[PDB]
Amino acid sequence: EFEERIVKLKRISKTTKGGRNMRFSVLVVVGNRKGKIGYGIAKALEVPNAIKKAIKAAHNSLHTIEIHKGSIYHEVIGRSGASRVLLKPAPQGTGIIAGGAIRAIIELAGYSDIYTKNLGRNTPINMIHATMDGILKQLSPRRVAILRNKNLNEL
RNA sequence: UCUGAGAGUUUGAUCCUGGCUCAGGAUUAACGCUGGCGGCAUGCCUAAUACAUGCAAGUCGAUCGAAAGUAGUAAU
Ligand SMILES: [Mg+2]
Ligand SMILES: [Mg+2]
Ligand SMILES: [Mg+2]
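Take 63 as the starting number for the first sequence in my numbering and just add one per residue.
Here's what the structure looks like:
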């Protein structure tokens with residue numbers, strides 16, 4: 063049940079020897095709401111083929127996401143170009159405090175309660191890149207225990 | 001035990017810097033349209049401009065002389 067949702071449908075174009083070639087570009091986010099989510103941007107002369115190619119790319123590039131108590135473990139800032147997205151853990155009940163591309167990414171990934179803020183640009187592809195970078199840079203509290211020879215997150 | 005949502009807009013199309021605008025609240029508010037009632041609360045932000053009129057700090061005869069009125073033949 064890999065649900066998908068459309069984030070942006072731009073109308074890009076080039077110029078030829080007389081006239082303009084117009085193609086639709088779609089930014090699709092595919093997620094199973096259990097820990098797998100990817101993104102795919104595709105261009106085609108028509109919306110259906112563009113959506114098909116974007117879904118194919120999103121399913122080709124899937125990333126693994128780990129959740130702690132339905133939320134993100136520690137506060138992080140994802141950077142990608144001029145877009146910086148701040149994610150912050152939330153207690154169970156606040157729900158998704160995200161809006162737009164971040165909200166799409168978080169819901170399709172499976173997180174329940176996240177605090178988010180877009181501190182930079184508002185271009186959906188770069189916001190998605192920053193969000194994915196922030197979630198991917200995350201550290202589990204068992205990898206750090208293995209690294210520092212602590213006792214499975216014990217004090 | 002706190003705790004933060006964004007979008008539109010420069011280009012044939014894209015990224016960034018960057019300004020403008022909107023989505024939310026609030027008032028000692030005013031205006032247009034309309035208008036049934038009750039519980040609380042507020043009501044010259046301007047001319048510290050000028051004011052008709054009527055009220056807004058008096059009380060004590062158990063401090064004191066006197067005076068007036070009502071009763072009483074008088075004293076009282
Ligand atoms: Mg020619
Ligand atoms: Mg234009
Ligand atoms: Mg005044």
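Even for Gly, the Cβ is constructed at its ideal location relative to N, Cα and C.
Going by Cα to Cα distance, which pick from the options is closest to residue i?
{"i": "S174", "options": "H125, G143, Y101, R95", "result": "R95"}
{"i": "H125", "options": "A166, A171, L71", "result": "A171"}
{"i": "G182", "options": "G155, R204, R146, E128", "result": "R146"}
{"i": "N184", "options": "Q154, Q200, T156, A144", "result": "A144"}
{"i": "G161", "options": "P151, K179, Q154, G155", "result": "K179"}
{"i": "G155", "options": "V138, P110, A163, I176", "result": "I176"}
{"i": "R67", "options": "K150, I74, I113", "result": "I113"}
{"i": "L198", "options": "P153, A163, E128, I208", "result": "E128"}
{"i": "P151", "options": "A163, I103, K131, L209", "result": "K131"}
{"i": "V91", "options": "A104, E137, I74, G80", "result": "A104"}
{"i": "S202", "options": "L148, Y135, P186", "result": "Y135"}
{"i": "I139", "options": "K70, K115, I208, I164", "result": "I164"}
{"i": "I190", "options": "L217, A116, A166", "result": "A166"}
{"i": "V69", "options": "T78, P186, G81, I117", "result": "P186"}
{"i": "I74", "options": "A106, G81, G80", "result": "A106"}
Looking only at its chain, what residues have a beta carbon closer than 6 Å to the beta carbon of residue i, apart from the 5 residues adjacent to it on each side?
{"i": "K76", "result": "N83"}
{"i": "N188", "result": "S142, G143, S145"}
{"i": "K72", "result": "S87"}
{"i": "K98", "result": "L124"}
{"i": "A207", "result": "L214, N215"}
Once the 5 residues before and after residue i are set aside, which same chain residues still bring their CB inside 7 Å of it?
{"i": "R141", "result": "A192, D195"}
{"i": "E169", "result": "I158"}
{"i": "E65", "result": "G93, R95, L170"}
{"i": "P153", "result": "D175"}
Looking only at its own chain, which residues have a Cβ that is under 8 Å from the Cβ of residue i, when we skip the five neighbours before and after it?
{"i": "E108", "result": "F86"}
{"i": "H121", "result": "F64, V92, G100, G102"}
{"i": "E137", "result": "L148, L149, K150, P151"}
{"i": "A116", "result": "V88, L89, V90, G102, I103, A104"}
Could you tell me which uninterrupted beta strand (DSSP E) segments, each at least 3 residues in length, are contained entirely in the region 105 to 179, listed from first to last along the chain?
138 to 142, 145 to 151
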